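Data block below; observations after.
We name chains A, B, ... by the order of the sequence lines, and we start the count at 1 in each one.
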Protein chains: 2
Amino acid sequence: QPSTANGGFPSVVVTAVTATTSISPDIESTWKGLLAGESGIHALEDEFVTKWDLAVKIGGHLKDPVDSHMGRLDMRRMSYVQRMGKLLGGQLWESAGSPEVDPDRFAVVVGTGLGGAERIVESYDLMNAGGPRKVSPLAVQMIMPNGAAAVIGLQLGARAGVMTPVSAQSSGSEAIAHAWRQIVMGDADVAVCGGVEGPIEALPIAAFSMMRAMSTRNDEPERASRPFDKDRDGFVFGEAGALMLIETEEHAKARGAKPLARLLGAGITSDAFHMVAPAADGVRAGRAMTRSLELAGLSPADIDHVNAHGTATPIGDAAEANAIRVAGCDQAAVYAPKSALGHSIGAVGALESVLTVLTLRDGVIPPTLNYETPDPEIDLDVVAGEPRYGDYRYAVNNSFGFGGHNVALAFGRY
Amino acid sequence: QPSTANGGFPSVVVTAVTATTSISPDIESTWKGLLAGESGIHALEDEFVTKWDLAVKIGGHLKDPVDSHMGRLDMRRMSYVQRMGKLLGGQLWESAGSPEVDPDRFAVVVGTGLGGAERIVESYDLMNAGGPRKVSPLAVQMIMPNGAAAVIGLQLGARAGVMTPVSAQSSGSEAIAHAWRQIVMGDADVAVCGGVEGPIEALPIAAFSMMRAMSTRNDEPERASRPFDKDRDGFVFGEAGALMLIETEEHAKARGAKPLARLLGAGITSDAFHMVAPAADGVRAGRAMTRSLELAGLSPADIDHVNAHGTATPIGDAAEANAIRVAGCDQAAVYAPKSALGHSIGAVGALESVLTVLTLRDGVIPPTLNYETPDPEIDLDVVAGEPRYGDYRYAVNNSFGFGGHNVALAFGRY
Ligand SMILES: CCCCCCCCCCCCCCCC(=O)O[C@H](COC(=O)CCCCCCCC[C@H](C)CCCCCCCC)COP(=O)(O)O
Ligand SMILES: CCCCCCCCCCCCCCCC(=O)O[C@H](COC(=O)CCCCCCCC[C@H](C)CCCCCCCC)COP(=O)(O)O
Ligand SMILES: C=C/C(C)=C/[C@@]1(C)SC(=O)C(CC)=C1O
Ligand SMILES: C=C/C(C)=C/[C@@]1(C)SC(=O)C(CC)=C1O
Ligand SMILES: [K+]
Ligand SMILES: [K+]
């Protein structure tokens with residue numbers, strides 16, 4: 001059976017990354033910030049918080065708002081996720097050296113949680129006020145959830161497929177999994193992949209808050225997200241979008257690109273347990289990890305590092321600790337970046353895959369913030385207090401989503 | 001290089017199909033109907049048409065509304081596409097003999113155009129009227145576009161992955177493409193796949209009609225949808241959802257299921273041309289067809305039948321005829337089912353895949369309705385007037401979507 005290690009699949013490398021976060025618009029500054037123990041979570045100053053007296057009054061807005069880079073027409077012709085996709089798509093390509101690739105071998109796979117939903121409600125209000133001729137001729141193509149991926153495909157010229165897998169909070173990792181599949185199956189040699197997501201707003205907070213699993217530690221925003229900690233009280237929103245460029249090792253060599261890491265395998269499963277709670281036993285989630293190992297050609301003892309989904313929900317963290325044990329990876333050093341960056345939903349799995357890549361490139365895992373009281377039921381090696389340094393050779397990035405979706409990505413040091 | 005024909009991919013068979021359409025809730029009755037020249041397209045009698053004086057006053061509502069089957073609890077706690085998913089998934093599973101499969105080898109892949117969007121505008125109105133605590137605690141899990149796929153995965157017990165590819169009008173076929181990939185790569189032995197979509201409503205009609213591509217032949221509804229006809233004047237909505245059950249031929253034989261057809265190969269590409277117009281040259285669209293043949297182990301000369309996306313827009317049908325030529329498939333017999341069933345957006349490529357399968361099972365292509373004046377730019381063998389019987393062995397189903405997505409599926413007689 002084919003694996004990366006046994007040459008049954010071609011070698012695929014990560015050759016550029018871009019991300020915008022609550023800490024910085026520059027991924028390399030976000031990364032230094034994380035290492036120095038910086039949090040992007042703050043008191044929400046938005047008017048909408050006082051207008052509605054929201055129970056949740058914390059979150060990380062992007063340091064550098066997407067729309068400060070958007071012109072007059074982009075504001076009127078794209079939904080917010082498409083605007084983010086355009087912004088990141090251009091930054092990534094510039095970071096890659098603006099390569100001239102064969103368009104017929106270039107694919108885009110970009111996940112998102114929802115799509116251009118603000119244009120749904122705008123279109124609804126416009127029609128209710130002034131009838132059907134007040135709806136934009138662009139409303140369909142701004143709203144459709146494949147919109148951000150399609151904007152990036154058009155921007156960069158991708159003709160080997162533009163795909164948008166949606167799996168709620170695992171969408172941004174799932175996208176990279178499908179990009180890797182498309183290359184190893186011979187449909188593409190190069191792919192831009194990742195995840196984008198909307199900003200923090202009143203209605204999203206209201207709707208997630210009614211499920212009662214958001215932190216309300218409003219007095220102390222930077223202490224509120226505590227994945228794996230005994231005193232965790234739910235997740236915190238933190239805005240992000242992130243993309244990476246992956247290509248065959250041969251394609252990278254031929255153009256002189258310097259790889260940051262290798263993308264070795266990907267595992268996708270599903271729980272069939274509950275729509276909005278993960279299976280407590282972590283068995284299908286652990287199988288996604290295992291399947292990424294099988295495809296990579298690795299054993300669980302090879303894994304130095306797991307980048308946890310680690311939302312800081314009580315039931316979420318417990319299930320993931322069980323999954324990591326089921327996969328044999330519970331001696332890896334674990335990071336839960338939502339501790340500092342919060343949860344960006346459809347993008348978050350892409351951001352964390354980027355962080356996994358930087359961990360491998362630089363030999364360092366940032367501290368998990370707020371990890372102050374270990375939880376007996378979670379017996380994991382959670383990195384905390386200061387960075388953990390090592391010559392890491394292999395890591396797995398985990399992401400999970402409402403629906404019972406489990407995605408695991410195996411990366412290696414280049 | 002592995003193909004189905006050369007045994008490099010495992011054999012994959014279609015063992016059950018279900019669909020609900022404008023003609024019938026029973027796919028076998030829908031099929032008999034199409035063969036008898038029936039149309040599902042009628043005057044819209046909804047009060048919203050006259051309320052808003054909509055330019056488009058025609059379309060095909062389901063013969064049998066999904067909600068005639070829906071418990072009162074479901075009507076509050078699932079979105080419309082989730083209800084459609086649950087209904088179709090239970091029907092499919094019964095049609096299959098309710099098999100006991102290994103859940104850890106069973107995947108679901110179901111596309112849709114948008115998701116539970118009615119719950120977005122419901123949540124918005126509730127919050128505006130009553131504040132943030134009047135939003136449903138189930139709002140998120142009803143809205144998320146992976147919701148329908150996830151309902152089906154929970155309902156049927158799928159633990160090998162639940163996926164929702166979103167590619168607007170090609171989603172339904174793209175879902176079946178990714179299910180075939182998942183089986184041939186060894187991630188699953190059996191999969192439920194296809195597409196669901198919302199109903200014709202006021203805001204959907206306004207937003208699409210403002211793009212200026214819909215038919216407004218309101219005085220003759222059954223004559224409005226005219227794919228490939230010289231006098232075509234745009235597309236017509238017709239509601240549907242459809243699912244099929246695919247599995248390895250070995251798995252089928254083990255349980256004694258008689259196949260309906262073989263699913264031989266799939267190709268996905270993208271245009272990088274325009275967000276809402278297909279590339280005129282048909283080149284990337286023809287490459288998707290060619291890719292499906294390469295993976296099948298077929299040559300264009302083998303192909304007997306093409307089930308065309310055939311929307312009846314002037315530019316869309318012209319581009320598809322060029323793509324069929326690019327692919328070398330322009331000697332095949334062509335059917336354009338939107339002539340009879342109209343356009344079901346995210347569900348349509350799955351519906352048309354099911355029709356392709358029945359064509360191969362029964363050796364007959366239904367007539368393309370309203371095909372009265374050949375267009376010299378098309379120069380295709382369009383089946384029309386009466387059904388055409390023949391010994392069809394191989395067929396390609398086309399679907400394309402806003403964003404420039406091209407999906408082709410290669411099917412074969414069992
Ligand atoms: C990290 C946060 C993650 C967020 C959660 C993800 C949810 C998806 C986010 C959707 C995209 C939102 C885009 C907002 C653009 C923007 O900002 O529009 C403001 C003005 O507000 C609005 O129009 C708010 C309109 C909201 C649109 C409907 C959202 C409905 C959300 C659902 C009820 C709950 C969330 C469902 C998530 C399902 C999928 C993931 C599991 C500019 O203001 P002005 O400049 O005009 O003054
Ligand atoms: C032939 C298929 C047509 C496909 C069209 C696809 C459009 C997308 C699918 C939308 C799914 C909506 C489900 C409808 C539920 C239903 O019916 O609720 C009515 C009462 O009205 C409503 O609340 C309708 C309000 C709809 C609000 C959101 C619609 C947003 C539409 C966008 C602005 C334009 C379409 C975007 C498509 C992008 C994706 C594909 C390219 C019954 O009322 P009651 O009898 O129960 O009292
Ligand atoms: C099946 C449900 C799952 C996986 C739920 C998780 C663990 S995933 C996620 O991001 C969150 C917080 C938003 C959960 O509560
Ligand atoms: C890129 C745009 C494309 C492929 C557009 C097509 C041809 S596909 C489709 O179903 C329709 C009618 C709604 C189109 O107008
Ligand atoms: K992670
Ligand atoms: K078709």
(request) Starting from the C-alpha separation in whole Å, work towards a yes-or-no answer on side-chain contact (heavy atoms from CB on, under 4.5 Å) for B:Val162 and A:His405. (result) CA-CA 7 Å; B:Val162 177; A:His405 313 290; 3.8 Å; yes
(message) With chain B as the partner, which of A:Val184, A:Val407, A:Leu154 has the greatest number of non-hydrogen pairs under 4.5 Å?
(response) A:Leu154
(request) Please tell me if the side chains of B:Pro132 and A:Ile205 come closer than 4.5 Å, counting only heavy atoms from C-beta onward. (result) no
(request) With a 4.5 angstrom heavy-atom cut-off, could you sort out which part of A:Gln1 is near chain B: side chain, backbone, both or neither? (result) neither
(message) Looking at chain B, which one of A:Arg287, A:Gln182, A:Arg212 has the largest number of heavy-atom pairs inside 4.5 Å, strictly under?
(response) A:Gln182
(request) Check whether any side-chain heavy atom of A:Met210 lies under 4.5 Å from a side-chain heavy atom of B:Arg133, and answer yes or no. (result) yes
(message) Please classify the contact between A:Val283 and chain B as side chain, backbone, both or neither, with a heavy-atom cut-off of under 4.5 Å.
(response) neither
(request) Looking only at non-hydrogen atoms, find the nearest pair between B:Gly153 and A:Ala272 and report the distance. (result) O-CB, 4.0 Å
(message) For chain A, which candidate among B:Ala168, B:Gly157, B:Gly131 shows the most heavy-atom pairs at distances under 4.5 Å?
(response) B:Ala168
(message) For A:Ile143, which atoms come within 4.5 Å of any heavy atom of chain B: side chain, backbone, both, or neither?
(response) both
(message) Within the structure provided, determine whether A:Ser167 and B:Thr164 are in side-chain contact (heavy-atom separation under 4.5 Å).
(response) no
(message) Looking at B:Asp187 and A:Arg291, is any side-chain nitrogen of the basic one under 4.0 Å from a carboxylate oxygen of the acidic one?
(response) yes
(request) Determine whether A:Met142 and B:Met275 make a side-chain contact, defined as any pair of heavy atoms from C-beta on separated by less than 4.5 Å. (result) no
(request) Counting only heavy atoms closer than 4.5 Å, note whether A:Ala202 contacts chain B via side chain, backbone, both or neither. (result) both
(request) Write down the atom of B:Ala150, the atom of A:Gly403, and the distance for their closest heavy-atom approach. (result) CB-CA, 3.6 Å
(request) Nearest 0.5 Å please: distance from the CG atom of A:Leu126 over to the CG atom of B:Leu203. (result) 10.0 Å
(request) With a 4.5 angstrom heavy-atom cut-off, could you sort out which part of A:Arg284 is near chain B: side chain, backbone, both or neither? (result) side chain
(request) Flag the pair B:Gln169 / A:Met144 as yes when at least one side-chain heavy-atom distance between them is below 4.5 Å, and no otherwise. (result) no
(message) Looking only at heavy atoms and a cut-off of under 4.5 Å, which of A:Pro204, A:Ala160, A:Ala139 has the most pairs with chain B?
(response) A:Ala160
(request) Drop me the distance from A:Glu122's CD to B:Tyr124's OH, to the nearest 0.5 angstrom. (result) 9.5 Å
(request) Answer yes or no: is there a side-chain heavy-atom contact under 4.5 Å between B:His178 and A:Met163? (result) yes
(message) For A:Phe208, which atoms come within 4.5 Å of any heavy atom of chain B: side chain, backbone, both, or neither?
(response) both
(request) Determine the minimum heavy-atom distance between A:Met127 and B:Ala206, stating which atoms define it. (result) SD-CB, 3.8 Å
(message) I'd like to know if the side chain of B:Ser270 and the backbone of A:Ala158 have a donor-acceptor N/O pair within less than 3.5 Å.
(response) yes
(request) Look at A:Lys134, A:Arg181, A:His274 and state which one has the largest set of heavy-atom pairs under 4.5 Å with chain B. (result) A:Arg181
(message) On a heavy-atom basis, which atom in B:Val276 and which in A:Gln141 lie closest, and how many Å separate them?
(response) CG1-NE2, 3.5 Å
(message) Does any backbone or side-chain atom of B:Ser136 lie under 4.5 Å from a heavy atom of chain A? Answer side chain, backbone, both or neither.
(response) backbone
(message) Under 4.5 Å from any heavy atom of chain B, what part of A:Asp104 do you find: side chain, backbone, both or neither?
(response) both
(message) Does any part of the side chain of A:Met211, heavy atoms only, come nearer than 4.5 Å to the side chain of B:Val140, both counted from C-beta?
(response) yes
(message) Give me the atom names and distance for the closest heavy-atom approach of A:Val166 to B:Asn146.
(response) O-CB, 3.4 Å
(request) Taking A:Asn406 for its side chain and B:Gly161 for its backbone only, find out whether a donor-acceptor pair lies under 3.5 Å. (result) no
(request) Could you tell me the separation between the CG atom of B:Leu114 and the CD1 atom of A:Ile120, rounded to the nearest 0.5 Å? (result) 4.5 Å
(message) Can you confirm whether A:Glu47 is buried at CD, in the sense that more than 12 heavy atoms of other residues, nucleotides or ligands lie under 6.0 Å from that atom?
(response) yes
(message) Between A:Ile268 and chain B, with a heavy-atom cut-off of 4.5 Å, which part of the residue counts as in contact: side chain, backbone, both or neither?
(response) both
